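Residue-level structural notes
Read off the chains here:
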Number of protein chains: 2
Amino acid sequence: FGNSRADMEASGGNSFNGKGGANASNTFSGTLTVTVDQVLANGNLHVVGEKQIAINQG
Amino acid sequence: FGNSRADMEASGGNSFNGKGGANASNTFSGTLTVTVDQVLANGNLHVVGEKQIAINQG
Ligand SMILES: O=C(O)[C@H]1C[C@@H](O)[C@@H](O)[C@@H]([C@H](O)CO)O1
Ligand SMILES: O=C(O)[C@H]1C[C@@H](O)[C@@H](O)[C@@H]([C@H](O)CO)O1
C-alpha cells in the first residue's frame, strides 16, 4: 500500500419509478316516458322511447 | 476501470396524461294547454298543442 495502489473509491446508483392511473365516471339524471315495443316469452317488456326538445338554435 | 471505461451515467423519462369530458343539460319550466289529436286502441290520447306569443318585435 505504499502508493495509492490499494486506494479505492467508487459510487453507484440506480433509481426507477413508474406510475399509472385511469378513471371513468358518468352520470344521468333525467326522466323519460317510453313505450312497450314487444312482450317477451317470460313476460319481460321491450321498451323504446324518444323525446325531442328544441329550446332554440338546435 | 483505470480510465472512465466503466464510468456510466444515464437518465430516462416518459410521462403521458390524457383527459376527456362531456356534459349535457336542459331545463323547461312552462305550462301549455294541448288538444287531443286521436284516441289510440289502448285508450292513450295523442295530444298536440301550440301557443304563439308576440311580446314585441318578434
Ligand atoms: O518496484 C517496482 O516495480 C516499481 C516501483 C514504482 O516506482 C512503480 O511505479 C514502478 C515504476 O513504474 C518504475 O518505473 O517501479
Ligand atoms: O492498452 C491499450 O490498449 C491502451 C491503453 C489506453 O491508452 C487506450 O486508450 C489505448 C490507446 O488508444 C492507445 O493509443 O491503448
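What you see is numbering from 1 along each chain in written sequence order, possibly unlike the entry, with residues lacking coordinates removed. The lettering of chains begins at A and the numbering of ligands begins at 1, in the order of writing. The displayed chains are a subset of a larger assembly; all values refer to this subset. Hydrogens and water molecules were not included; the side-chain quantities draw on all heavy atoms of the structure.

The deposited coordinates, according to the entry record, derive from cryo-EM at 2.2 Å resolution.

The numbering of helices and of strands both runs from the N terminus, where a helix is a DSSP run of H or I of at least 4 residues and a strand a run of E of at least 2. The helix and strand tally for chain A stands at zero helices and two strands. Note that the radius of gyration is over C-alpha atoms, with the globule rule given as 2.2 Å times the number of residues to the power 0.38. Relative to the 2.2 N^0.38 estimate, which gives 10 Å for 58 residues, the radius of gyration of chain A is 35 Å and therefore markedly larger than a compact globule would have. Overall size of chain A, expressed as C-alpha extent along the three principal axes, is 100 × 45 × 15 Å. Burial analysis of chain A (58 residues in total) assigns 0% to the buried set. The buried label goes to any residue with under 20% of its type's maximum accessible area, the exposed label to any with over 50%, and the partly exposed label to all in between, with areas taken from a 1.4 Å probe on protein chains only.

Let us now look at the environment of B:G49. Looking at the element boundaries, B:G49 is found in the segment after β2 (45-48). Here the alpha-carbon distance between B:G49 and B:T33, two residues 16 residues apart in the chain, equals 6.5 Å.

Taken together, A:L32, A:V34, A:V36, A:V39, A:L45 and A:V47 make up a surface patch of nonpolar side chains, about 510 Å² in accessible area. For the nonpolar patch, the secondary structure elements donating two or more residues are β1 (35-39) and β2 (45-48) of chain A. The residues that make up patches have over 30% relative accessible area and no salt bridge, and they are joined within 9 Å when like-charged or within 5 Å when they are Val, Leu, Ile, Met, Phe, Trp or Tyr. Each accessible area value is a Shrake-Rupley result obtained with a 1.4 Å probe; residue values ignore everything except the protein chains displayed when judging cover. Counted as salt bridges are all cases of a side-chain nitrogen of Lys or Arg within 4 Å of a carboxyl oxygen of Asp or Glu.

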